[PDB]
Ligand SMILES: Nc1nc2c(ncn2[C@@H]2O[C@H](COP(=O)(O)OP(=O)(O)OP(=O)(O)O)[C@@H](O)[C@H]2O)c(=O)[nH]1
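The chain that follows stands alone, in the form solved without the named molecule, written as structure tokens.
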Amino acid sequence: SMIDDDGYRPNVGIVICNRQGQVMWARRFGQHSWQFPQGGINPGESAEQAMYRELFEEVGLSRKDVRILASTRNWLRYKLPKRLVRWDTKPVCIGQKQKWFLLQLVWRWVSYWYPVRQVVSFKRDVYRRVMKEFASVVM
């Protein structure tokens, strides 16, 4: 994933829901690391392409297994806390620009809003923004 001219790293995120309104989250890295699937967008690659790559890698699913219900048409941008920035590597990455996808099936299930409260502190505000946007699709 290449850093853009503003210093943002492009990423994709996936929210898979079921017909009961639960959402899926998976261990990003080992025990207790439950998070929505998320990964970088590489050069010469659309967000949708990156989404299917992350879906296959994290969940073992492909396009046939899911229906896209919604996505962020533009970017969800946020700045890293300054103490998380890798200040000695150029170009310096100061944030992420993210495209999120809401999927439904054609890891564990939790209530839709549960991840907003329970995810690691660093991603709570991003999760709140994402789930608020997708609320207009599912509520």
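Definition used throughout: the rigid core is the maximal C-alpha set that superposes within 1.5 Å between two forms. For every residue, the number given is its place in the sequence shown, counted from 1.
One more form of this protein should be noted, the form solved in complex with the named molecule, which is absent from this view; the next part is about it.
When the named molecule is considered in the bound PDB entry, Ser46 lies well away from it, no heavy atom lying within 4.5 Å. Proximity of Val106 to the named molecule in the bound PDB entry falls outside the 4.5 Å heavy atom cutoff.
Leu84 belongs to the set of residues with a heavy atom inside 4.5 Å of the named molecule in the bound PDB entry. Contact annotation for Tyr52: none of its heavy atoms lies within 4.5 Å of the named molecule in the bound PDB entry. In the bound PDB entry, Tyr78, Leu80 are the residues of 47-80 with at least one heavy atom within 4.5 Å of the named molecule, listed from first to last. Core-superposed comparison between this form and the one not shown: CA of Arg53 displaced by less than 2 Å. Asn42: CA moves less than 2 Å between this form and the one not shown after rigid-core fitting.
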